[PDB]
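Chemist: Return atomic coordinates for the entry below.
(one chain, ligands or ions: 2)
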Amino acid sequence: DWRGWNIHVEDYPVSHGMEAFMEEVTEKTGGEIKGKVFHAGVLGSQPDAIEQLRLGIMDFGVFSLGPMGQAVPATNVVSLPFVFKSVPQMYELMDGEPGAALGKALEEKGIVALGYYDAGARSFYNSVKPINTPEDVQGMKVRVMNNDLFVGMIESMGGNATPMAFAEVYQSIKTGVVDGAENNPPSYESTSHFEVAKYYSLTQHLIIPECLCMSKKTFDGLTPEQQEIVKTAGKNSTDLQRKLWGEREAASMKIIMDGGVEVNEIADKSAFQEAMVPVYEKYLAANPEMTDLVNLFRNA
Ligand SMILES: O=C(O)[C@H]1O[C@@H](O)[C@H](O)[C@@H](O)[C@H]1O
Ligand SMILES: [Cl-]
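Modeler: Numbering: from 1, shown residues only. Ligands and ions are numbered 1, 2, ... in the order given. See below for the structure:
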């Protein structure tokens, strides 16, 4: 029986996508393949789950490409701030040749990409004050995901970054040891972060695709007919998740606003973009070979 990893609560678009995937595989194989999605990160933190999947210990999962930068260096390109112009542009690129290049990089590291799930855009939330300019982040203690790029992002605005597993964030914000974090509206809402960090500032500074994927070890052990069933089910589940995502993004925004969060938009987006130049400079100085791939995205 397969085991699938999900970081999210059961009632979440990713979760429904993954369950639909597993249901379809079982249906189309006539019960020959069965499995279960394990929600709420119970089978590990995200970096550790990625390692399990590469090793064949975990059969499938939906992973943010954010933490995937350590195992699969090519994927760092999607974690660059403002690298995508919009979420629809992200779909176009990830479903096209740039996404195919990332798929090849993942395969080289033992991971078979079946589709790219939507995670919208990430924005800052905190318990201290609204963020309207990069200067507002100065001195702020901000949790980030496990990718060094994100540490650089926060430091470039004078903040103090702490890499921390997603499941630990709520308590750290609640008890006041980090001031805030950054995420899309469904994540901010579903985790109850919005109950303990009541300022949400729509910087939309990262758009990070997620990948429904399989362990290559598991995938390579399937019959050709099973492989085709898996690929089709993956595509169908991606279509479903993306549809659910749109609906949930609005629903979560409504919950956030009805819950008393002070939401502010960013008038001067240019200032945040300019503040991020050093993240690009640094990444490409440490990793010159990635220059062509980065331009494939940022110049699209
Ligand atoms: O901030 C985080 O750790 C989380 O952010 C969410 O937007 C993403 O869907 C999760 O996979 C995880 O990356
Ligand atoms: Cl995590």
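
Chemist: from here on, contacts and neighbour counts on C-alpha atoms
Modeler: Fine.

Chemist: For this protein, which residue occupies the most central location?
Modeler: Closest residue to the average C-alpha location of the chain: residue 64 at 3.2 Å, with CA atoms, centre = their mean.

Chemist: what residues are up against that one?
Modeler: For residue 64, the contact set (CA atoms under 8 Å, 6 or more residues apart in numbering) comprises 208-211.

Chemist: and whatever residue of the stretch 101-250 of the chain ends up closest to ligand 2, how many neighbours?
Modeler: Taking CA to the ion as the measure, the point where the stretch 101-250 of the chain comes nearest ligand 2 is residue 165, at 3.7 Å. Neighbour count of residue 165, defined by other CA atoms under 10 Å: 15.

Chemist: Check the one 4 residues further on too.
Modeler: By other CA under 10 Å, 18 other residues sit near residue 169.

Chemist: right, and it touches residue 143 too?
Modeler: Yes: under the criterion of CA atoms under 8 Å, residue 169 makes contact with residue 143 at 7.4 Å.

Chemist: Quick check: neighbours shared by the two?
Modeler: With CA under 8 Å, 6+ apart, residue 169 and residue 143 have common neighbours residue 181.

Chemist: Enumerate the residues of the chain near ligand 1.
Modeler: Where the chain comes near ligand 1, counting by CA under 6 Å from any ligand atom, the residues are 63-64, 119, 145, 166, 183-184, 187.

Chemist: mind running it again at 8 Å?
Modeler: 6-8, 14, 46, 62-67, 119-120, 122, 144-146, 164-167, 182-184, 186-187, 208, 210 (CA under 8 Å from any ligand atom).

Chemist: Filter these down to just the ones in strands.
Modeler: 62-64, 122, 144, 182-183, 210 (DSSP state E).

Chemist: Tell me the most packed of those residues, by neighbour count.
Modeler: Within those, most neighbours by other CA under 10 Å means residue 62, with 27 neighbours.

Chemist: how about TSV for the contacts of residue 64, with distance to ligand 2 added?
Modeler: Formatted as TSV, the contacts of residue 64 follow (distance: CA to the ion, whole Å):
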residue	distance to ligand 2
208	15
209	16
210	14
211	15
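
Chemist: Of the residues you listed, which is the most crowded?
Modeler: residue 208 leads these on contacts (other CA under 10 Å) with 28 neighbours.

Chemist: Whatever helix or strand residue 274 lives in - contacts with which helices or strands?
Modeler: Using DSSP states H and E, residue 274 sits in helix 269-275. Applying 3 or more CA pairs under 8 Å, 6 or more residues apart in numbering; DSSP states H and E, one finds that helix 269-275 contacts strand 199-206.

Chemist: Parallel or antiparallel, list what pairs with the strand it packs on.
Modeler: Paired neighbours of strand 199-206 in the sheet (DSSP bridges): strand 122-126 (antiparallel), strand 262-265 (parallel).

Chemist: Could you export that strand as CSV, CA atoms only?
Modeler: Output of strand 199-206 as CSV, limited to C-alpha atoms (Å, rounded to 0.1, in the frame of the first residue of the first chain):
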residue,chain,number,x,y,z
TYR,A,199,-1.6,42.3,10.3
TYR,A,200,-1.5,40.8,6.8
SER,A,201,0.3,42.9,4.2
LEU,A,202,-0.1,41.7,0.6
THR,A,203,3.4,41.9,-0.7
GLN,A,204,2.9,38.8,-2.8
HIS,A,205,6.7,38.6,-2.9
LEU,A,206,6.9,34.8,-3.7
